[PDB]
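In the form deposited in one PDB entry, a lone chain appears below as structure tokens.
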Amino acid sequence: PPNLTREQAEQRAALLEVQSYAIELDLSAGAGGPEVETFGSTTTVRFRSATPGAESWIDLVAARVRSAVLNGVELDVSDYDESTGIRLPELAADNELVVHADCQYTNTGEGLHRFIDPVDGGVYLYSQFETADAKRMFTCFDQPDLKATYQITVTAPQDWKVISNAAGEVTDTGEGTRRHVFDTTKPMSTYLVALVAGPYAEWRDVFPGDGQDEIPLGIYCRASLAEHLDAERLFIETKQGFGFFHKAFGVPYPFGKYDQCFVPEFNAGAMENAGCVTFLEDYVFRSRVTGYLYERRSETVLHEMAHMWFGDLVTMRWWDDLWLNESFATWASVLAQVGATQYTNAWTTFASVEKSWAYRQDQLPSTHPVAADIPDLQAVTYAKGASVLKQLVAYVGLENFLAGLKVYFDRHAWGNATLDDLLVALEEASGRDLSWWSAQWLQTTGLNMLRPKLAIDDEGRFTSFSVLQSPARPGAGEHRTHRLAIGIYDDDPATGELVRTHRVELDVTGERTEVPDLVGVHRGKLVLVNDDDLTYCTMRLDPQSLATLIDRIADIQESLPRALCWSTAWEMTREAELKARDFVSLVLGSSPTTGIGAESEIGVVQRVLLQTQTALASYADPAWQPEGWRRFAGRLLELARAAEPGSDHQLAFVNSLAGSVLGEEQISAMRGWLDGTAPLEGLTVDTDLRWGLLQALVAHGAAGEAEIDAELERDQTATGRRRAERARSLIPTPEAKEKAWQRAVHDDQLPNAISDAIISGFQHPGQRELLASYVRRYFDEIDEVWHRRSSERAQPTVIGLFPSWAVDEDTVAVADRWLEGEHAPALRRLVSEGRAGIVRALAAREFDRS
């Protein structure tokens, strides 16, 4: 495929201005077997040239270009190649080009994807075009700053539904096909054009008119999955977003209708094609899941909806602004979740999941500025981008930020814009100087630590208060400007819980900033210098506040300050400032009202329990790890047993046990729940919980390959196959690890997700000794894997098999010795990242036994 460079795109954009595409797709052969390889694609493009007589090109990736006709002249396409496209010599002022080609389906979710379903034989298609794979379906100037209208017409097998960006009309052809004529779209970038086609099950709803017109809504999924799709709940959350964004952005939904389609083998998660959003099928839940998965699905639904304005109505000029596109949609989705849905605690989720991913990534040796240069198409973090964007909102002011956004949307509608265009609208709205701001926040790496320096009188009121900021590390050590809030918490007189008794908001700059507003204010029991989680930083506490956190974290009433305390404790553990055994004690608590057992936010419970298992396996001193896991598994069994029957908390406690190093008593209890002899009342032991408990029994030698085979026969599905592959990898024998290693490293015929699933069961915290010999085999065999497989398939093998299990200096020495060699750069990067994790675990283990 072509590697369109930025300069090439700029040259073409200076020259051309595209009015309209008329696309005709002949998919009548699309319902056959695996051999069907191509479909008919006719494109008519009307565009203008600013220099008559000039030359330019148009992109297309097809097997055969049958006909190309520019302004009525037949072009020579005998020498056509996918990488070169079609040359357009001797351009006129106004041009019309007609191309007839044969484009091919894909098995990679690049371009037009084709997939066939076993349950019923159904054949399902969908487009994935971001970044520049629109050219695999139609002839186009495939770059985001040459917007055009599209009129799409598809002839399809008569039982297929067809969905596109715009609404359409269907006509029976009398030849076993139907013809789908879609309205001309509003102007949009090529990467946002959509086609979804197959025997999809359909549900319909409508969002009523609110200056915003009525919006027709649809939801589509594979026929085989329709029984599991909770369409009513998806439509409620969809309607909640459309009532929110118009008011927040001041601009009504820009397109006519809104379809959301769940599609098979989706690599991308979700994709904001205008009026036709595509979703990964993991968002259709076949088993009982906790409320956190529903929340995360709602966030992604609103993420893609926000892109209808930011991304689709106004689009980046070039892909170096991809970060901003995603970052904004992340912020806007959480804004909408809190403002419009049942997920009112969604900033707690952002602080605990998104921010903690941002920090971890920022502190890697691979760290880079949020706004990287993108010179080409293969040159194409977001967590940090989202985090930094939230701080940009705080610094500008929310009210000013939204006011600037309406200005931006109005000014650039149906057109393109850059980061600088946004920053200018936000400067005009706020009075701030954002030139300085980007240089400090978007072109730098690393984190500042923020902590209070305080003094109190006899009555407990502040006599002085400042915020201390450390240099940005890893990076250039600059001090940033932060708009933050300082929160003071103290006992509630009616309940005894810790509640907020003061907040002040202020600009923090430099190494130290005094807060005169706090002089005379009672210091309470807990001071948070990043209260409301406004800025991106490493927050630290004064001595008394840290003691209160350790003693009474479960007592904090509001979920966001409580989550910020869980985050602080965790990031202190990662950084070797809090002992891994002290994090574990804090999490496990001593009573029904302390520690994570008293945490009401189910997303926090799951995340904190995961981090605790990281602290035990990776950060606890090896001499103490057996006792730590004895404490963890016993506390979790007691929490699962005490939990309310059928509740999310009960399920989360059982799921955490399934990932743990377990003693006999836990194994016996778990066997009883799986086979029914001694069930946990209320616990729904459905298909995916069965796999979870079976995998745990397998990992501890309590179930053999017979039982894996038995569970696979009761769950003969693609998902079941993957969970069965993980279980076979988990078998704690040298023979099973050798087979799994060989299959993951050397079998390229196996499908991608099956290779993924094999690797996912290679590691287990109770099997460290079994895997010792694979530290050396990793570094001996990684170059061969990188050479043999493509980078997309090699990367998950390299990341997933890195021996993060072996926390030892010998592992660092083998990684060091490998780094001394000549290896591909991208591969050195991944080994560097894995090496850094082990270094960090060694420092934590050193601190823990101290």
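Position 1 is the first residue in the sequence shown; the rest follow in order. In this text, rigid core is short for the largest set of C-alphas that superpose within 1.5 Å between two forms.
Same protein, other form: the form deposited in another entry, not shown, and the subject of what follows.
Only one entry in 172, 74, 232, 780 has its C-alpha moved by 2 angstroms or more between this form and the one not shown when the rigid core is superposed, and that entry is 780.
With the core held fixed, residue 827 shows a CA shift of 2 Å or greater between this form and the one not shown. In the core-superposed comparison between this form and the one not shown, the C-alpha atom of residue 57 has shifted by less than 2 angstroms.
Residue 534: CA moves less than 2 Å between this form and the one not shown after rigid-core fitting.
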